[PDB]
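Undergrad: Okay, handing you the structure first.
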Amino acid sequence: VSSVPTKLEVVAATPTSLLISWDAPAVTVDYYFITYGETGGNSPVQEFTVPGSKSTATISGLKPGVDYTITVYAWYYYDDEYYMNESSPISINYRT
Amino acid sequence: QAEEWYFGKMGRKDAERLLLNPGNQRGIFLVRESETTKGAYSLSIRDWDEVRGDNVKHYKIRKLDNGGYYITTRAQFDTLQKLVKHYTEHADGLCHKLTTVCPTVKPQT
């Protein structure tokens with residue numbers, strides 16, 4: 001059964017903010033881990049989470065005209081032994 | 001290793017009860033032996049959420065056949081100390097970055 005989210009995309013974009021969206025996997029997700037950062041940049045990526053009930057997220061404070069790499073991971077319960085697992089990622093790029 | 005964050009043999013619910021003490025902020029943590037996978041560890045972290053309030057999350061630290069330790073296979077570490085340092089620098093998927101070790105009651109002085 002799928003744990004990787006699918007079809008990640010930007011669905012709204014201003015010069016400094018993006019709304020990303022994806023299709024949840026079939027497993028119940030505890031929360032999503034989302035990173036974004038300048039592609040090939042030499043600073044650390046930004047990181048945040050959204051609740052596992054969601055399948056979108058708002059990214060704010062971007063610099064106009066910068067290519068960003070945006071990645072989403074699902075963190076989810078499997079069984080009592082594997083109680084907290086990270087899915088494979090899905091990633092997109094977007095230039096503001 | 002017998003480091004400050006290492007609590008040795010400790011059960012999941014007992015780790016939760018200790019971390020959920022009033023006064024512990026998010027990111028307070030401990031490392032213990034796993035009771036469900038032999039040879040693995042568990043990183044137990046005090047967290048907070050809008051719906052469930054104060055809570056505790058557990059992350060299994062597994063061992064690589066030849067390599068070191070990992071919670072997620074993309075981030076691997078030669079030692080537990082290096083793992084803890086990494087997740088003190090950035091949460092990198094954890095519910096919260098690690099701050100300081102869970103306190104315990106000490107003898108009166």
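Labels used: A, B, ... for chains in the order of the structure tokens, numbers from 1 for residues in each chain, and numbers from 1 for ligands as shown.
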Hey, list the chain A side of the contact with chain B: 6 Å cut-off, only C-alpha atoms, answer as a list in words.
TA: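 Matching residues, ligands excluded from the count: residues 33, 81 and 84 of chain A.
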Undergrad: Can you tell me which residues surround residue A:93 at a distance of at most 10 Å, considering only C-alpha atoms, apart from same-chain residues fewer than 3 positions away, and format the answer as a PDB file with N, CA, C and O atoms, in the first residue's frame?
TA:
```
ATOM      1  N   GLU A   9       2.420  19.592  -6.737  1.00  0.00           N
ATOM      2  CA  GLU A   9       2.417  20.693  -7.699  1.00  0.00           C
ATOM      3  C   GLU A   9       2.217  22.011  -6.969  1.00  0.00           C
ATOM      4  O   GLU A   9       1.647  22.045  -5.878  1.00  0.00           O
ATOM      5  N   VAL A  10       2.702  23.097  -7.572  1.00  0.00           N
ATOM      6  CA  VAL A  10       2.304  24.441  -7.156  1.00  0.00           C
ATOM      7  C   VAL A  10       0.954  24.753  -7.788  1.00  0.00           C
ATOM      8  O   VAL A  10       0.795  24.601  -9.001  1.00  0.00           O
ATOM      9  N   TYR A  36      12.123  23.471   1.746  1.00  0.00           N
ATOM     10  CA  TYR A  36      12.302  24.243   0.535  1.00  0.00           C
ATOM     11  C   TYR A  36      13.572  25.058   0.679  1.00  0.00           C
ATOM     12  O   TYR A  36      13.935  25.479   1.776  1.00  0.00           O
ATOM     13  N   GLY A  37      14.255  25.257  -0.438  1.00  0.00           N
ATOM     14  CA  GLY A  37      15.521  25.957  -0.417  1.00  0.00           C
ATOM     15  C   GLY A  37      15.958  26.236  -1.832  1.00  0.00           C
ATOM     16  O   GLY A  37      15.497  25.599  -2.780  1.00  0.00           O
ATOM     17  N   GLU A  38      16.839  27.214  -1.964  1.00  0.00           N
ATOM     18  CA  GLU A  38      17.332  27.549  -3.281  1.00  0.00           C
ATOM     19  C   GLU A  38      18.040  26.342  -3.879  1.00  0.00           C
ATOM     20  O   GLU A  38      18.870  25.710  -3.226  1.00  0.00           O
ATOM     21  N   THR A  39      17.672  25.987  -5.103  1.00  0.00           N
ATOM     22  CA  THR A  39      18.304  24.849  -5.759  1.00  0.00           C
ATOM     23  C   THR A  39      19.810  25.085  -5.874  1.00  0.00           C
ATOM     24  O   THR A  39      20.242  26.130  -6.359  1.00  0.00           O
ATOM     25  N   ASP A  67      15.114  29.974  -8.066  1.00  0.00           N
ATOM     26  CA  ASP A  67      14.602  28.617  -8.238  1.00  0.00           C
ATOM     27  C   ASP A  67      14.687  27.881  -6.913  1.00  0.00           C
ATOM     28  O   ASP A  67      15.751  27.800  -6.293  1.00  0.00           O
ATOM     29  N   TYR A  68      13.551  27.351  -6.483  1.00  0.00           N
ATOM     30  CA  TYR A  68      13.436  26.629  -5.228  1.00  0.00           C
ATOM     31  C   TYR A  68      13.167  25.159  -5.502  1.00  0.00           C
ATOM     32  O   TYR A  68      12.398  24.808  -6.407  1.00  0.00           O
ATOM     33  N   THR A  69      13.785  24.308  -4.692  1.00  0.00           N
ATOM     34  CA  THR A  69      13.468  22.892  -4.651  1.00  0.00           C
ATOM     35  C   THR A  69      12.577  22.670  -3.440  1.00  0.00           C
ATOM     36  O   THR A  69      12.915  23.106  -2.332  1.00  0.00           O
ATOM     37  N   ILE A  70      11.428  22.040  -3.669  1.00  0.00           N
ATOM     38  CA  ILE A  70      10.403  21.827  -2.654  1.00  0.00           C
ATOM     39  C   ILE A  70      10.149  20.335  -2.551  1.00  0.00           C
ATOM     40  O   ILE A  70       9.819  19.690  -3.555  1.00  0.00           O
ATOM     41  N   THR A  71      10.260  19.792  -1.339  1.00  0.00           N
ATOM     42  CA  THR A  71      10.156  18.355  -1.141  1.00  0.00           C
ATOM     43  C   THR A  71       9.190  18.053  -0.003  1.00  0.00           C
ATOM     44  O   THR A  71       9.191  18.735   1.026  1.00  0.00           O
ATOM     45  N   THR A  96      10.240  31.578  -8.641  1.00  0.00           N
ATOM     46  CA  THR A  96       9.329  32.655  -8.295  1.00  0.00           C
ATOM     47  C   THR A  96       9.418  33.802  -9.287  1.00  0.00           C
ATOM     48  O   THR A  96       8.409  34.449  -9.559  1.00  0.00           O
TER      49      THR A  96
END
```
Undergrad: In Å, rounded to a single decimal, give me how far atom CA of residue A:5 is from atom CA of residue B:65.
TA: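 One can read the atom CA of residue B:65 to atom CA of residue A:5 distance as 28.7 Å.
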Undergrad: Among chain A, which residues carry a DSSP assignment of strand (DSSP E or B), reported as an NGL selection string?
TA: :A and (6-13 or 18-23 or 29-38 or 46-51 or 56-59 or 67-76 or 85-86 or 90-95)
Undergrad: Can you work out the spacing between atom CA of residue B:54 and atom CA of residue B:26 in Å, to one decimal?
TA: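 Those two atoms sit 8.5 Å apart.
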Undergrad: As a list in words, please: the residues near residue B:6 (cut-off 8 Å, only C-alpha atoms, same-chain neighbours under 6 positions excluded).
TA: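 So the residues in contact are residues 30, 31 and 32 of chain B.
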Undergrad: Just write the chosen residues, N, CA, C and O atoms, as a compact mmCIF listing (two decimals), in the first residue's frame.
TA:
```
# COMPACT_ATOMS: atom_id res chain seq x y z
N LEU B 30 14.92 12.08 25.03
CA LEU B 30 15.81 11.07 25.59
C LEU B 30 15.98 9.97 24.57
O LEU B 30 15.15 9.81 23.67
N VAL B 31 17.05 9.20 24.73
CA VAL B 31 17.32 8.02 23.92
C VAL B 31 17.31 6.80 24.83
O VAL B 31 17.94 6.82 25.90
N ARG B 32 16.63 5.75 24.40
CA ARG B 32 16.50 4.53 25.19
C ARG B 32 16.62 3.32 24.26
O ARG B 32 16.61 3.45 23.03
```
Undergrad: May I ask for the distance between atom CA of residue A:27 and atom CA of residue A:76, given in Å to one decimal place?
TA: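 According to the coordinates, atom CA of residue A:27 and atom CA of residue A:76 are separated by 7.4 Å.
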Undergrad: DSSP on the backbone, then: every residue of chain B marked alpha helix (DSSP H), written as a list in words.
TA: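 Across chain B, those assigned alpha helix (DSSP H) are residues 12, 13, 14, 15, 16, 17, 18, 19, 80, 81, 82, 83, 84, 85, 86, 87, 88 and 89 of chain B.
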Undergrad: Find the spatial neighbours of residue A:17, counting only C-alpha atoms, within a cut-off of 8 Å - ignore same-chain residues fewer than 5 positions away - and output them as a VMD selection string.
TA: chain A and resid 58 to 62
Undergrad: With distances taken over only C-alpha atoms, which residue among A:20, A:50, A:34, A:11 lies nearest residue A:89?
TA: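 So, comparing all the options, the nearest one is A:34.
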Undergrad: Set the distance at 12 Å and use only C-alpha atoms: which residues neighbour residue B:8 once local chain neighbours fewer than 4 positions away are removed? I'd like the list as a list in words.
TA: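 Neighbouring residues, sequence-local ones excluded: residues 1, 2, 3, 4, 12, 15, 30, 31, 32, 33, 34, 35, 39, 40, 41, 42 and 43 of chain B.
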Undergrad: Within 9 Å of residue A:1, counting only C-alpha atoms, which residues show up once you throw out same-chain ones fewer than 2 positions away? Write them as a PyMOL selection string, please.
TA: chain A and resi 3+25-27
Undergrad: Save the residues we just selected, C-alpha atoms, as a CSV table (one decimal), in the first residue's frame?
TA:
```csv
chain,number,residue,atom,x,y,z
A,3,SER,CA,3.0,5.6,1.6
A,25,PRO,CA,-1.1,8.2,0.2
A,26,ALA,CA,-3.5,5.4,1.2
A,27,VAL,CA,-1.8,5.0,4.6
```
